[PDB]
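Reading the structure
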Amino acid sequence: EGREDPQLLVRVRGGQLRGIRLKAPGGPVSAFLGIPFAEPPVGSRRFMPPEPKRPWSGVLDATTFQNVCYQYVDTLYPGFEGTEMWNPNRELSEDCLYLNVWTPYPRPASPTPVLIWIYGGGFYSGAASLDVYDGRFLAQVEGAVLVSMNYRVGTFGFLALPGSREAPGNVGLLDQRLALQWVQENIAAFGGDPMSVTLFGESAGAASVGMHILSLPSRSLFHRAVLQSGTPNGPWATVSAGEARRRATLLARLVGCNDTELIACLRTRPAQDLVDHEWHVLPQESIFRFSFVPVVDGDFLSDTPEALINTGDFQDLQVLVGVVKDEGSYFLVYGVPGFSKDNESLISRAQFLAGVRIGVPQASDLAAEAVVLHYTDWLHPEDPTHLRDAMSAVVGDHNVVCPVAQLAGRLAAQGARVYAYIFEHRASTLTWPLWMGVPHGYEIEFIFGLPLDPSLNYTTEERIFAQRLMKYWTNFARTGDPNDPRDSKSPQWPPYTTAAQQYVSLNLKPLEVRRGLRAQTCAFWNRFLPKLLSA
Amino acid sequence: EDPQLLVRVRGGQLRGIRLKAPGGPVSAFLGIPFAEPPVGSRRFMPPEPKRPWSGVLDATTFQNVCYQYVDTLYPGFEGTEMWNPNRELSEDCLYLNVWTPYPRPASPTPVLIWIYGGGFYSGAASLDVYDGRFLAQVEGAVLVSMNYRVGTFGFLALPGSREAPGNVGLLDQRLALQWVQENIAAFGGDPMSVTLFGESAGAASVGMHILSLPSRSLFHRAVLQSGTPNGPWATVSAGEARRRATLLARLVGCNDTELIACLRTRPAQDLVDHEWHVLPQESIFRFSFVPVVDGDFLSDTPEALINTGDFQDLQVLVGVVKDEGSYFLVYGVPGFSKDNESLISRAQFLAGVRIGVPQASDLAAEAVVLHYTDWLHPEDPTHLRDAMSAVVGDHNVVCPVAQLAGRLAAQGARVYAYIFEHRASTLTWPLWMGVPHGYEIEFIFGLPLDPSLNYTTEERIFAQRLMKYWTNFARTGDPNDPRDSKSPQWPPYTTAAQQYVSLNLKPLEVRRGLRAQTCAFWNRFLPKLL
Ligand SMILES: *[C@@H]1O[C@H](CO)[C@@H](O)[C@H](O)[C@H]1NC(C)=O
């Protein structure tokens, strides 16, 4: 040691770490980045559950983000900030199982509550190193301990031959779990309270958080949860065992391959090779045609999430859940004909019925008719501006809003304290067109407090709003309640109940309560539509 | 012998009575025979023209009501009695009435011909709410109404047979129209400006005359208030009518000719006993005998017919009231009564839907339930009560009316549409029924102008307004006052804009889309589902 900053040397179960004093707007923070939490899932270890990181010697340098798990890189709009912001930002490699910790500087006196971030990316992409997940502001301004882990995505993370020894399924979720275990054992070394661990995540990350709520071994590893624009139930977060098996076999064939023999072959294929084909498994025209997601294997998920949210005891659970104004808009540009970032995307009725088939690929002819009918404004059934917005809502409501309204519903009714929001503020800095509104993913930069960095060109009120949001989230991590125990002159955020179905709007104005989360429409998707398949 | 009350029609001479109306006298001619009494061997058969008569036939009093079920659900309650027969029941009933201004019109007056409702099982031209005195006095209109055969007497068919070919109640109506072409001039009427108006079954009948070629040269315009030829209750298929007929015959104990001869030999009241037992089927609209799609009077189902028709030179006024379905709930629908506020349980509501939409499969019931539920207050008895009313109103009246208005407009007719939202101060049903089926007629007919009836001074003006709308449409095809700038104007209903007006105490408001989303559900979705 000798000369090193003493505030930046920590020991964990695996050995010694040297961190980095990072500069934040209102003062310094500590970052320990790229701490390994598992033996690299490489070689024979591919597709297999993660093994804990065998202890190292000397002082590990933990001052940079590590490799990002091997994934498909988005190339729809080269140069485009609005898509690149999600692209991997460190080397792609299968050796990717590391996690990051941000803590106050100096590391705090008494043990602070911990927030853990599980990123999204539809289970096919993502990294804890992306800028919009920088934990420094929450660390600095809210005295929070923040942790984020890398977990395997795509085939490496989720390709499953259910029932086999060699590719059991859900290993991405199992990487996430090992990181939570690591948190329990080690977070205290950084002044973290292993008895106050809140999970938060967004899209597939929010679905992840939901599945930890539903998976017993993972239940003992956290206390509160926050699900932003995602759910474990719903059309895209899981697969039946058989389907997962079909998809893995099909991919195996595509790359040129008794389960052992099959996976053995797969394992000898180069990483990129697998990534190059993961999209071909469903020629099937479908936005959410991502083939490798969590499998209902009767192990990690003892049963479908839908089943488990209708029969679980959530007496002891505080949950924060919400959606953004325009969940679907973002998705339209990725293969719904007529939609683009570069024009107003006004579509024709023909393009609407066509987009409904693609957006809802599980839908029969009669169901597509049902959807089209429910979303048509019969005053102006030909108006392109409306149809455009309709197509957005269909995709948005089917994939996010209704699963979330359902999740809030069942959980509240089944003993949970649920708090629900809808995020309504578009970034002054947003680089997507006006027609896309407040799109899926664009709350994250606010929760994380990015507008506090003066160099980012956010308006003043955005900087105030960010602070306000960070208060809600961390208050929730702290107490199970987003409200302020002291200051109650500014309006209260009531729990969501079956009785009142109350949620609040998040935008530049003070809090506003509303009743009913797309109540009528979600009744369509959650109650009616299923039965139109018992036919 | 007042020579003004004396007219020579093709059958002979008639003497009218000088009736008194608020601001002047009118000439009535009540109970004119337009057909030979359809009695004995003539039961179930097309009407024949009435034979000429010697001397001066007394036409100063209303004639017999066609033989019908008399309603006994709420005995002595004026809400129901007002619809009940107000003269002797008798199979001998084919009589019409003409009201005209006194002295009788100097030049040819547009004629309005009324057709009563009653679901094709009840009704009379002679009811108080169809009194033609005001429309004749105040607007100088020649107003005609006729009795037509109802129930088994008017609509019992054994399709394709010679001796009960069906639709005779409609043929009665037609013959009155024929009579008006031939005779109405002699009263000062203009046979070149005949306008038909009717409510409920009367509306559907009007609509059937639109859809029947031989009727078309007998009128020029039409008004269909709260009814349509299309929709669930107004028509039956050849197959189904024949089944209902033979089942009626079996229920009274009875080869086509032999079956009818046996029916013909049966007292009228006997058929009325088993009238309501042909569809035991716990619904409301379990009335068995209605117009039948016969390849004759109706060449094809009204749906088919309104879909392909060319309605080029035709003007139509159509509309609904604020709460069509409330009325029908009190008739055989559990939880509903004129006596309590009728706040219902969710379970009641689901069974209520299986009853109100008796055509509905398990699934479509579920659809209807899920559509009409207020998902914010899923259990509130006020909403489920009001919802039940809506389901029944929409399915049977509102959506059929929306659909026809759309089709006529699409195929070149000129369409004016309304919603009637004023609840009569003198109404006798409870508040939860709002503005129920039927309760617009009294205003169109001018009843509040009669001080003895205790209608508010506001309601009396509202009447004059509606009377102007109707007669203005009768005169011109356009309900708008041709000498009223600063209106605002009543726009034609088109498929693009979808404009109707609200008829109530506040001056006209133009609204767009007549239950657009909900009727899309009824008119586009359910069909596919079945
Ligand atoms: C906008 O761009 C898309 C994709 O290039 C194109 O297909 C669409 O027709 C355009 N929209 C219009 C009609 O301006």
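Residues numbered from 1 in each chain as written, not as in the entry; some residues may be left out. Chains lettered and ligands numbered in written order. Heavy atoms only, no water.

Here we look at the environment of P194(A)
Residue and element names in this part refer to chain A. Let me state the cut-off plainly: Strands here mean DSSP runs of E at least two residues long; helices mean DSSP runs of H or I at least four residues long; both are numbered from the N terminus. Should any heavy atoms of two residues lie within 4.5 Å, those residues are counted as being in contact.
Its place among the elements puts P194 in strand β11 (residues 192-202). Separated by 66 residues in sequence, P194 and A128 have C-alpha atoms that sit 21 Å apart. For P194, the contacting residues outside a window of four places in its chain are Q184, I187, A188 and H223.

Here we look at the sheet that holds strand β1 (residues 9-12) of chain A
Residues and elements named next belong to chain A. For clarity, the threshold we go by: Pairing between two strands requires that DSSP report at least two bridges joining them. Each axis is a line fitted through C-alpha atoms, taken for helices only over the stretch in contact, and angles between the N-to-C directions span 0 to 180 degrees.
If you walk across this open sheet you meet the three strands as β1-β2-β5, and the pairing is mixed. Single-partner strands in this sheet number two, and they are β1 and β5 (59-61). In this sheet, adjacent strand axes meet at a mean angle of 35° when their direction is disregarded.

Some points on unusual backbone geometry
The line we're drawing: Here the term buried applies to any residue with accessible area under 20% of the maximum for its type, exposed to any over 50%, and partly exposed to those in between, with areas from a 1.4 Å probe on protein chains only.
In this structure, the amide linkage connecting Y105(A) to the following residue, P106(A), adopts the cis form with an omega of -5°. Here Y102(B) and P103(B) are connected by a cis peptide whose omega angle stands at 5°. Note on placement: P103(B) falls in the loop between β6 (95-101) and β7 (109-115). A positive phi angle is found at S203(A), which is not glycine, with a value near 50°. Note on placement: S203(A) falls in the loop between β11 and α5 (204-214). Under the relative-accessibility criterion, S203(A) is labelled buried at 10%. Although it is not a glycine, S200(B) sits at a positive phi angle of roughly 50°. Along the chain, the position of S200(B) falls in the loop between β9 (189-199) and α5 (201-210).

A look at the side chain of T80(B)
Mapped onto the elements, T80(B) comes out in helix α1 (residues 78-81). Discounting residues that sit within four places of it in the chain, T80(B) has contacts with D71(B), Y74(B), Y331(B) and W429(B).

Quick word on the packing of helix α13 (residues 365-375) of chain A against helix α17 (residues 516-529) of chain B
Worth spelling out the cut-off: We call two directions roughly parallel when the angle between them is under 35 degrees, roughly antiparallel when it is over 145, roughly perpendicular when it lies between 65 and 115, and oblique otherwise. Only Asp, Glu, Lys and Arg are considered charged, only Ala, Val, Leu, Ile, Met, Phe, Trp, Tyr, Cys and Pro nonpolar, and every remaining residue, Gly among them, polar.
The N-to-C vectors of α13(A) and α17(B) enclose an angle of 175°; their axes lie 10 Å apart at closest approach. Relative to α17(B), the element α13(A) is oriented roughly antiparallel. In this structure, α13(A) contributes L366(A), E369(A), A370(A), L373(A) and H374(A) to the contact, and α17(B) contributes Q517(B), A520(B), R524(B), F525(B), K528(B) and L529(B). Taken together, the residues of the contact of α13(A) with α17(B) break down into six nonpolar, two polar and three charged.

Things to note about the UniProt feature "active site" in chain B
Residues and elements named next belong to chain B. Going by this rule: UniProt positions are given in the numbering used here, feature names are shortened, and annotations may be inferred rather than shown by experiment.
Under the UniProt annotation, "active site" lies at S200, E324 and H437. On the accessibility criterion, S200 (10% relative accessible area) is buried. Filtering out sequence-adjacent residues up to four positions away, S200 remains in contact with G117, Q225, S226, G227, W233 and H437. Mapping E324 onto the fold places it in the loop between β13 (315-321) and α11 (326-329). The exposure class assigned to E324 is buried, which follows from its relative accessible area of 3%. The residues touching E324, leaving out its near neighbours within four places in the chain, are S226, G393, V397, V398 and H437.

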